[PDB]
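Chemist: experimental coordinates follow, after the sequence.
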Amino acid sequence: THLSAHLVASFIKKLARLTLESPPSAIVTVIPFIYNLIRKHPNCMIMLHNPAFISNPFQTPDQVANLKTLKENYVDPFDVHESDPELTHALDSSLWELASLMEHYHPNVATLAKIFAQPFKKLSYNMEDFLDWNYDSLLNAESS
Amino acid sequence: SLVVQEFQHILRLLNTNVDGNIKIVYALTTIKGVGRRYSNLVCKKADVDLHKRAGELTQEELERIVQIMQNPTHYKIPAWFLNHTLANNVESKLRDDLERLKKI
Amino acid sequence: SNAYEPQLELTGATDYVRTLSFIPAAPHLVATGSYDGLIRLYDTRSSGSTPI
Amino acid sequence: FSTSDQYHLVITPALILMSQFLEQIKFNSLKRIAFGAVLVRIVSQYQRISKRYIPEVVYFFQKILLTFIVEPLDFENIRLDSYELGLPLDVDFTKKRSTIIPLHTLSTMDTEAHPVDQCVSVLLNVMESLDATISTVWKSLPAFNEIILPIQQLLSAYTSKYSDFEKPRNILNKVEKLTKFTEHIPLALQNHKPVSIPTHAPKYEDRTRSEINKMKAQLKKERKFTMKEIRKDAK
Amino acid sequence: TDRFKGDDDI
Amino acid sequence: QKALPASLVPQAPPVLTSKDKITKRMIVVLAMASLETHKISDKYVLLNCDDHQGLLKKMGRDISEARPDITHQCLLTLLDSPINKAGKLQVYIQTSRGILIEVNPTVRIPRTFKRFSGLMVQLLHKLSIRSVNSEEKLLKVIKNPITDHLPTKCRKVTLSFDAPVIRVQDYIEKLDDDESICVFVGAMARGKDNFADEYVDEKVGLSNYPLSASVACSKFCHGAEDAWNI
Amino acid sequence: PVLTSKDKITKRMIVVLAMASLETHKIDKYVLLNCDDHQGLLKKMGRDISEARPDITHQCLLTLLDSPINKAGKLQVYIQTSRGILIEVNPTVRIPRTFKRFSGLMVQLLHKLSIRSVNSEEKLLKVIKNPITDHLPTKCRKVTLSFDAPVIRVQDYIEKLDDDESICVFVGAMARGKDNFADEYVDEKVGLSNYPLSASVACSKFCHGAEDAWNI
């Protein structure tokens, strides 16, 4: 209960890059974990989407041009080298890694990232129920 | 800088769903039928805090309370804790009798 | 008395404001301890959007 | 069979089987290196017809490139299997070398007599497969920048080490024009249709109970009337 | 749930 | 620079009934509507112009007057408009005889006129019609007057042809931040535009040409949605 | 001036009621296919009961013709029925406000194949043959109002339209059915709100957007 949003941000981003280069059973075990952390600390929904970049129809071309200048001048400020999780600027970067894991190939992985695409309905997942998944087990499940 | 604890939503008990964010005695009264003093006696027979909400009270004491509330005879529970034809005939009869009087 | 709107909002912090303290002599000066360190000191008769 | 469908009764178990083959095996032999290269080729054909993403393939590219030019401070995050097999500055890089030329059982039977010609052959085979898969998938995936960043760093290491190959240089310019073209705007996944107000339908237009009530009404009415007529007659 | 279909019948 | 709300799931906005008197909204009062119920003899039935004119003449009223179809289509376009989906208007039918009818923004009206007429006779005799889920009353006959059942800080304007035309988005954005708006729409077939002069503050017009009442309601409603950014 | 299919130059608006259910029968006289008036009839015919909705067609025509852009005379109405027959409606028509008189007028149109008034100078309802592009103007921007399409502001869209480019809009008047009726003709699709609309409010929203765009 005493963790900074910067801390949860750093761990979320590092686990995102490991999902970017990870085998699928690790994906199965890790994306309910990111859901549960964003459920606990709801302030990371800014990195799941920064709505400052969403354009409304009901606004002036002045603000449209402001959005264009922001879109061209934007640069990702995340640092992967730094060991300090309070100094890694992980709170100003999104999960393109999890957008790609949305465009994974396996169907169950595709559904378990549609759970990111959908609104945040429920709160717990029982990671001890999502944890025991290996190649032999998923092969036997698909064959049965 | 971490601390750590020692939650569950609406639970089901004998074809009846019972909520979590209220106290235990009112949970057992939303159980269909039984009373407030019976819930008090079941709770203080289980020897728990009476102020805790149903999100607490972990599964071992939960099944203990379910066992006591399902088998009361093993726990010395006292017995104050459980829980047109003639119309047509009289219509026809009084009608035809007073009809005959009306004719005479 | 007017409990519908914040009489004076106070922003300019970064992450998880969880402590604050008024100061005895100054009845207008609010110290506010955030969670990234960086204890802010605001003066309420100013704008208050920025710490002093 | 048709691979392009989402779920297949035999292909998706075959997909995860070659996935396990792509990942779990140990890299001690050029035989297994060529086995992984032709597995990379067959999954590249599968995604020529299907167009999806595989992180095991991009990790495979990382693993194969670093186990070829292991010959350690630049990439220690890979945990390789063989440190001995490296290619020193003895490459001929001639265009008339052996191509990918997949003769499967022949190659896998004469692999343990391994020449540097065959090492450069399987290397360039992985190079062409990586170029094709990048051009069909990687530029379309949104995380393309951080997906291709370790591959780009290994390629810059290749160029700084050798400065004689051409296909790495061309892939560098291709991914350079890709990262100059893409915009890299942060996510906007959570933004939904506002739900509407709920709607409801109106309602407009027991025989035993009905007959009971009708008989009660009959009894009441006739009883009251007979009493009134009795009292009239009596007065 | 209902969206521009009219209503039911008996 | 500005944090997100903790809940970002979409939730239905609460239905605006006559009980609540704070939240800014729009009210449409289809006034001088023609909904009379007659008894033919074995059965009661709502007066319509086209089909039953010999007995309408036996009453002696005007076939030109007794027309509920225009109130019907006004109700259709109103309760199908997007602002009803957003939950920001509610409607009241002010019968020519004197009834006040509160219509909740959740009701799903039958669209064929015979079903609507059966609904209307059941309403005007039973005084209430409940949902098929049966926990709420959608069509409630309520008591005069409308000022007794309106929001406290409201503006009451009439839709008259002879008033100078204005732009509805301009008027709505000119309104205050909690000052609701109530438009009196003449649901007569043809007649004078001076029935609510003791109710209203001022009269407005929307075009140099006369309109159908459904088109007038649609114009005002779409201007309101354009103002409140829907 | 009164606009017609023969003029294909001036800036105008064209509405297309796609798959609009206008079907007739003879029982011993004629009858329109009303969804509520008869159900065993539709079950004998095997046609689906929840499809024939000339009431929705009537609502759309009423709102469109009484819209002020119609009184200013800047549009024209084409109805492509479910059976493949094109119906042309001019902006000088006073349509019946009753569903029964509308039904009689439609069945008489279907059995006369022409409608002219007692003034008899120029027709009002013309039965003519598919396709529609023979009667469309030259520079027509073709849009379909679909829900799955992105949302737009009609003011910005009519502003981004060209100078003399006429605009044609396609709305589906069926009860249930997918919006892929006119992809062979249409350029693009748009949506109007985050809530699913209906035919009458769709054409009313679009005509009011056009009214405020062209300053009527």
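Modeler: Structure's in. What do you need? Numbering: from 1, shown residues only, chains lettered A, B, ... in the order given.
Chemist: so where does the residue nearest to the spatial centre of chain B fall, helix or strand?
Modeler: Centroid-nearest residue in chain B, with C-alpha atoms, centre = their mean: residue B:33, separated by 1.9 Å. Taking DSSP states H and E as the definition, residue B:33 sits outside all helices and strands.
Chemist: isn't it right next to residue B:69, touching?
Modeler: No: applying C-beta atoms under 8 Å as the test, residue B:33 and residue B:69 come out as separate, 11.2 Å apart. The C-beta positions use only the backbone N, C-alpha and C, and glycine is treated the same way.
Chemist: and the strands in chain C?
Modeler: Along chain C, the stretches classed as strands by DSSP state E are C:19-22, C:29-33, C:40-43.
Chemist: can you point out the buried residues in the second one?
Modeler: In terms of neighbour count (16 or more other C-beta atoms under 10 Å in any protein chain shown), strand C:29-33 has its buried residues at C:29, C:30, C:32.
Chemist: in a markdown table, list those residues along with distance to residue D:220.
Modeler: Output for the buried residues of strand C:29-33, formatted as a markdown table (distance: C-beta to C-beta, whole Å):
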| residue | distance to residue D:220 |
| --- | --- |
| C:29 | 84 |
| C:30 | 79 |
| C:32 | 79 |
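Chemist: can you list the residues of chain D near chain F?
Modeler: Within chain D, the positions lying close to chain F (C-beta under 8 Å from any C-beta of the partner chain) are D:190, D:192-205.
Chemist: of these, which is the nearest to residue B:10?
Modeler: Closest approach to residue B:10 among the residues of chain D next to chain F (C-beta to C-beta): residue D:198, at 22.4 Å.
Chemist: sec struct for the closest one, please.
Modeler: Following DSSP: H, G, I helix; E, B strand; the rest coil, we place residue D:198 in the coil state.
Chemist: helices along chain F, start to end?
Modeler: All helices of chain F, identified by DSSP state H, fall at F:53-59, F:69-80, F:82-86, F:113-126, F:168-174, F:213-227.
Chemist: which residues does the first one contact?
Modeler: Under the criterion C-beta atoms under 8 Å, 6 or more residues apart in numbering or on different chains, residues F:38, F:40, F:47, F:49, F:63, F:66 lie in contact with helix F:53-59.
Chemist: filter the residues you listed to the buried ones?
Modeler: Of those, these count as buried by 16+ other C-beta under 10 Å: F:47, F:49, F:66.
Chemist: between those residues, which is nearest residue D:177?
Modeler: residue F:49 (73.1 Å).
Chemist: what residues are up against that closest one?
Modeler: Taking C-beta under 8 Å, 6+ apart as the criterion, residue F:49 is in contact with F:56, F:63, F:64, F:66, F:67, F:69, G:98.
Chemist: against residue D:59, how distant is the closest residue in space to the third one that isn't next to it in sequence?
Modeler: This means residue F:64. Distances taken as C-beta to C-beta, 6 or more residues apart in numbering or on different chains place residue F:189 nearest to residue F:64, at 5.6 Å, with adjacent residues excluded. Residue F:189 sits 76 Å away from residue D:59, going by C-beta to C-beta, to the nearest Å.
Chemist: and residue C:11, by the same measure?
Modeler: Relative to residue D:59, and taking C-beta to C-beta, residue C:11 is found at 44 Å.
Chemist: and chain B, which residues reach chain D?
Modeler: B:84, B:87, B:88, B:90, B:91, B:94, B:95, B:98, B:99, B:101, B:102.
Chemist: give the buried residues for the helix or strand that the third one is a member of.
Modeler: Meaning residue B:88. Assessed by DSSP H and E, residue B:88 sits inside helix B:85-103. Using 16+ other C-beta under 10 Å as the test for burial, helix B:85-103 gives B:91, B:98.
Chemist: list of residues touching that helix?
Modeler: Taking C-beta under 8 Å, 6+ apart as the rule, helix B:85-103 contacts D:212, D:215, D:216, D:218, D:219, D:222, D:223, D:226, D:229, D:230.
Chemist: how about those in a markdown table, adding distance to residue D:105 and neighbour count?
Modeler: Listed next are these as a markdown table, based on distance: C-beta to C-beta, whole Å; neighbours: other C-beta atoms under 10 Å in any protein chain shown:
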| residue | distance to residue D:105 | neighbour count |
| --- | --- | --- |
| D:212 | 92 | 14 |
| D:215 | 97 | 14 |
| D:216 | 98 | 13 |
| D:218 | 101 | 14 |
| D:219 | 103 | 17 |
| D:222 | 107 | 15 |
| D:223 | 108 | 15 |
| D:226 | 113 | 17 |
| D:229 | 118 | 13 |
| D:230 | 119 | 13 |
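Chemist: and the residue of chain C found nearest chain F, how far is that from residue C:20?
Modeler: At 8.4 Å from chain F, residue C:11 is the closest residue in chain C, using C-beta to the nearest C-beta. As judged by C-beta to C-beta, residue C:11 and residue C:20 stand 13 Å apart.
Chemist: helix, strand or coil for the one residue in chain D that gets nearest to chain C?
Modeler: In chain D, the residue found nearest to chain C is residue D:186; the distance is 18.9 Å by C-beta to the nearest C-beta. Under three-state DSSP, the three-state class of residue D:186 is coil.
Chemist: who touches it in this structure?
Modeler: A:47, A:49, A:50, A:53, A:74, A:76, A:93, A:94.
Chemist: same check, this time on residue F:175
Modeler: Taking C-beta under 8 Å, 6+ apart as the criterion, residue F:175 is in contact with F:155, F:181.
Chemist: tell me the contacts of residue 8?
Modeler: Picking chain A for this. So residue A:8 contacts A:37, A:40, A:41, A:44 (C-beta under 8 Å, 6+ apart).
Chemist: not quite, go with chain E.
Modeler: residue D:201.
Chemist: distance check, it against chain G.
Modeler: For residue E:8, the distance to chain G equals 11 Å [C-beta to the nearest C-beta, to the nearest Å].
Chemist: point me to the helix or strand that includes that residue.
Modeler: Once you assign secondary structure using DSSP H and E, residue E:8 falls outside every helix and strand.
Chemist: next one: residue D:36
Modeler: Using DSSP H and E, residue D:36 falls within helix D:30-50.
Chemist: could you do residue E:10 as well?
Modeler: Short version, using DSSP H and E: residue E:10 is in no helix or strand.
Chemist: what about it, how many neighbours?
Modeler: Counted by other C-beta atoms under 10 Å in any protein chain shown, the residues lying close to residue E:10 total 4.
Chemist: distance check, it against residue G:28.
Modeler: On the measure of C-beta to C-beta, residue E:10 and residue G:28 end up 30 Å apart.
Chemist: how many other residues sit next to the one residue in chain C that gets nearest to chain E?
Modeler: Going by C-beta to the nearest C-beta, chain E is nearest to residue C:4 of chain C, at 35.4 Å. For residue C:4, the count of nearby residues is 4 (other C-beta under 10 Å).
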